[PDB]
Amino acid sequence: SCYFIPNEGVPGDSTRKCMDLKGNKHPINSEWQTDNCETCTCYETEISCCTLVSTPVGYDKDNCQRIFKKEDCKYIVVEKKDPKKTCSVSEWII
């Protein structure tokens, strides 16, 4: 849900600084949204990316399964027997 990209070999490098996957540049201290469900910030010589989707935790992974919904960029857990009903979760990570 979060990874660090150092200015020691970033993917699709173009400005050696911090260029988004779209092909647009951005000034330091600026944030941009890419992949239409991912975010990241640019620093002098460092980049920190984090997704917008939350992770389910503290729930019965045996009786409930997490479902990925792009339309809402989030993870939801429902009962296996009845996917209509949601599953209780202690907390979410984001």
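Residues numbered from 1 in each chain as written, not as in the entry; some residues may be left out. Heavy atoms only, no water.

1. Considerations on the nonpolar core
Okay, step 1: With seven residues, the main nonpolar core is built from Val10, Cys18, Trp32, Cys40, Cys42, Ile47 and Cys49.
Okay, step 2: Every element with two or more residues in this core is listed here: β3 (38-43) and β4 (46-51).
Okay, step 3: Apart from the residues within four sequence positions on either side, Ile47 is in contact with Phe4, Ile5, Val10, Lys17, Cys18, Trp32, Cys40 and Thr41. (Core = buried A, V, L, I, M, F, W, Y, C linked by side-chain atoms within 4.5 Å. Buried < 20%, exposed > 50% of the residue type's maximum accessible area, 1.4 Å probe, protein only. Helix = DSSP H or I, 4+ residues; strand = E, 2+ residues; numbered from the N terminus. Contact = heavy atoms within 4.5 Å.)

2. Regarding the UniProt feature "disulfide bond" in the protein chain
Okay, step 1: Structure remark: disulfide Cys37/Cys73 (UniProt) confirmed, S-S 2.0 Å. Highlighted residues: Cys37 in the loop between β2 (31-34) and β3 and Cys73 in the loop between β6 (64-69) and β7 (74-79), separated in sequence by 36 residues.
Okay, step 2: Looking at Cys73, the relative accessible area reads 14%, which means it is buried. (Disulfide = S-S within 2.5 Å. UniProt positions renumbered as here; feature names shortened; annotations may be inferred.)

3. What to know about the pairing of β6
Okay, step 1: Across six bridges, β6 lies against β7 in antiparallel orientation. Residue pairing across strands places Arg66 opposite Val77, the latter belonging to β7. (Pairing = 2+ DSSP bridges.)

4. Details of the domain arrangement of the protein chain
Okay, step 1: Here the protein chain is described as being made up of domain 1 (1-52) and domain 2 (53-94).
Okay, step 2: Each of domain 1 and domain 2 has a C-alpha centre, and the two are 29 Å apart.
Okay, step 3: Each partner contributes residues to the interface: domain 1 has four residues there, and domain 2 has six residues.
Okay, step 4: Across the domain 1 to domain 2 interface the summed buried area is about 370 Å²; carbon plus sulfur atoms make up 57%.
Okay, step 5: For the pair domain 1 and domain 2, the number of links is zero salt bridges. (Domains from an automatic or database assignment. Buried area = accessible area lost by both parts, 1.4 Å probe. Salt bridge = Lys/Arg side-chain N within 4 Å of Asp/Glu carboxyl O.)

5. A word on the sheet that holds β2
Okay, step 1: The strand order across the open sheet formed by four strands is β1-β4-β3-β2, and the pairing between neighbours is antiparallel. Edge positions in the open sheet fall to β1 (2-6) and β2, since each of these has one partner strand only. Averaged over all pairs of adjacent strands, the angle between their axes in this sheet comes to 25°, without regard to strand direction.
Okay, step 2: Note: β2 against β3, four bridges, orientation antiparallel. Its bridge partner being in β3, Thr34 is matched across the sheet by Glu38. (Axes fitted to C-alpha atoms, helices over the stretch in contact; angles between N-to-C directions.)

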